[PDB]
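Student:
Residue numbers (the deposited numbering), protein chains in the order written: chain Z, 2 to 30, 49 to 85, 100 to 121; chain X, 2 to 93, 159 to 260, 264 to 301; chain W, 517 to 580, 594 to 684; chain V, 4 to 83, 93 to 111.
#1: Taking 8 Å as the cut-off, decide whether the C-beta atoms of residue 33/X and residue 68/X are in contact.
#2: Looking at chain Z, which residues of the stretch 600-632 of chain W have a Cβ within less than 9 Å of any of its Cβ atoms?
#3: Do the CB positions of residue 16/V and residue 73/V come within less than 8 Å of each other?
#4: Could one say the Cβ of residue 69/Z lies closer than 8 Å to chain B's Cβ atoms, at least one of them?
#5: Can you tell me where the alpha helix (DSSP H) holding residue 261/X begins and where it ends?
#6: Mind reading off the beta-carbon distance from residue 263/X to residue 231/X? Whole number of angstroms is fine, and I expect it under 8 Å.
#7: Please confirm if residue 643/W has its CB atom under 8 Å from at least one CB of chain Z.
#8: Going along chain W in order, which residues have a C-beta closer than 8 Å to the C-beta of residue 116/Z?
#9: Compare the C-beta of residue 531/W against all C-beta atoms of chain X and say whether one is closer than 8 Å.
#10: Could you give the DSSP three-state label for residue 44/X: helix, strand or coil?
#11: Starting from residue 656/W, follow the beta strand (DSSP E) in both directions and report where the run begins and ends.
#12: Please check if any C-beta of chain X sits within less than 8 Å of the C-beta of residue 83/V.
#13: In the stretch 19-47 of chain X, which residues sit with their C-beta less than 9 Å from some C-beta in chain V, listed in chain order?
#14: Given a threshold of 16 other Cβ atoms within 10 Å of its Cβ, counted over all protein chains shown, does residue 77/V qualify as buried or as exposed?
#15: Where does residue 75/X sit, in a helix, a strand or coil, going by DSSP?
#16: Since residue 38/V meets chain Z, which of its residues come closer than 9 Å, beta carbon to beta carbon?
#17: In this structure, what does DSSP give as the bridge partners for residue 38/X?
#18: Is it the case that the stretch 567-580 of chain W contacts the stretch 529-543 of chain W, given that we only count it when at least three CB pairs across the two stretches are under 8 Å?
#19: What residue range is occupied by the uninterrupted alpha helix (DSSP H) comprising residue 677/W?
#20: DSSP beta-bridge partners for residue 636/W?
#21: How is the alpha helix (DSSP H) around residue 112/Z delimited, first residue to last?
#22: With a CB to CB cut of under 7 Å and the five nearest residues on each side skipped, what residues in its chain are close to residue 162/X?
#23: Using only the alpha-carbon positions, how far apart do residue 565/W and residue 109/Z sit?
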């Protein structure tokens, strides 16, 4: 089940790097507005990926986080003093 | 008595992990224990028919005598001053009371979820007279000593009467004791049942334990023939 | 400690407890006081009926599988959880023909009431007597002490 | 403790990620500078951008190894008293008796 975390994390890393470089290529290069929208999309996806890394780290952290005579003498005194039976 | 059980095993190296797992799963650390078993068979020099007074077939079987021994009898000098706890296992006039048992080959059935064995037992408390040794008494019944083995291990008390034993077995002979379990521990999970309900309930308890250890250690039903003490 | 022990040793399974059996903290404790009272009256009775009557006499009270580590811990508190009992031995002067001996034991089996056990033997093997008695009532111990001192202890 | 070390390492990884983000920002703005014809930042743009990728790569190597260590520690360092009370009270009791 942890191997799944490893896979998801690796895929996430590749996705993040690739999306960063590829977005860096996409700009520089209403078509311009469309390109800007696409840039926004890629960047947003990257941020979401960062949050995903945070989720993974948190998951790992949570995985980590989730004689006798002495007594007989002592009671002998205690019981005596408590009854106050002495009375003489 | 009906004993429902499942068995498994682990190598010496799997010890600590298993102890840690069973301690968390059951809530209690292990308890050290031992037992000496002596098996007896009908005297071969004597021979009797194998039938009732009613002329009904009776199968000859072995009788098992078992008791404990004080741990001090199992610790030599090299063993001296070593925490008398679960870790010790790694570094491996009249008669006394005994448990006398005769068991039957487990119940038949394909796809059994557990092994189910009937066990006839009585308790020997003491003896007196000419030949009072347990050995003589067994002879008086017409039996002779065949073999004997020592078992040392740790046990865990769990819910619903489920007991788990992690054991090591040594056969005993003057020629020397040989460890039948050389390499690791024999794992045993069982419940003793004195109504169909309690039997299906007990099966469930064992099945849940098997389920709870699936992936880590597997518990299965041993071969009936491997749990048959009949003489032949 | 007891519940755990009850679980370790026997059950292969779960605990079984009773309030009545398992009841005693405070009730077992109060008995300590009532017993002290009881012991006081008893000593008064003894002075009156015995000590004052026979001159030399006096009185001396006296104390009456491997889980073992657990049993040792619980055993330590047997002092507090035992049914309270003291033995009062009465010292009597030795007659040169025979030495009479008398002793009483006070106890509270249910913790709040009293039983009084009296043993008397003054042996002269011609006259030899032995009494072993139990009384739940101080009224009857006065009557029996009186009976005893009268016939056997007195000159 | 060991778990404390693991958590500390994870926190360090978080810091690394944060750094990566910051230098992503730097990279973007300074790319904006380079496109406008300011080449003076070419050293600083590429530096921050390259230091980003280096930091991100270092974090990836550190994080992936940490996940592997967690998997290897299963069953070892990682999961798959009333006698203490009594000693407290006895201590308390002898202290009352002998203040």
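Ideal Cβ positions, reconstructed from N, Cα and C, are used throughout, including at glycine.
Tutor: Working from what's here:
#1: no
#2: 601, 602, 604, 605, 606, 607, 608 and 609
#3: no
#4: Any reference to chain B falls outside this structure, whose protein chains are Z, X, W and V.
#5: No coordinates are present for residue 261/X, because the numbering of chain X runs from 260 directly to 264.
#6: Since the model of chain X passes from 260 to 264 in one step, residue 263/X is not part of what is shown.
#7: no
#8: 548, 549 and 552
#9: no
#10: coil
#11: First-last for residue 656/W: undefined, no H or E at that position.
#12: yes
#13: 21, 22 and 25
#14: exposed
#15: coil
#16: 29
#17: 67/X and 215/X
#18: no
#19: 667-677
#20: 614/W and 644/W
#21: 101-116
#22: 68
#23: 31 Å
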